[PDB]
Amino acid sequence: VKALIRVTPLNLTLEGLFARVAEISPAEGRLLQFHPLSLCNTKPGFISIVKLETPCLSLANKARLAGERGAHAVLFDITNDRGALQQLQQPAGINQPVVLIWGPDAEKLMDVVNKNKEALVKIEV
């Protein structure tokens, strides 16, 4: 089950994959990067973007905590760990949707954040 991702300042267009652990739906919000160790133990209405390295919590529980901290949706950049996708197939019924990305799409997304020019992000199914 695929998903569309779009980005504009106040442009980019990417693709990805929903996770079976969460509930699939659209979402909108601002783009905020989060460190993997941040999600352990900012104003709301944002779509988090977390680049996973190759542990504090399970990825599901990391996605759980992200939503519980006020996140519209969880974007996992899994370029450096493709095995993350396999371990997000088990259903947990997370509310906010968990979309996965990698490759030049993920590279592009992170450069927009790297540029430090504020921008909004949306997701369609």
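Residue numbers here begin at 1 and follow the sequence given.
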property	result
Residues of the deposited sequence left unbuilt between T42 and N41	4 to 9
Deposited residues omitted from coordinates between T54 and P55, as a class	4 to 9
Residue stretch of maximal mean CA temperature factor, 15-23 vs 98-106	15-23
Given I78, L88, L37, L75, the residue at which the Cα B factor reaches its maximum	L88
For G29, the third of its chain into which the C-alpha B factor falls	lowest
Third of the chain, ranked by Cα B-factor, where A66 sits	middle
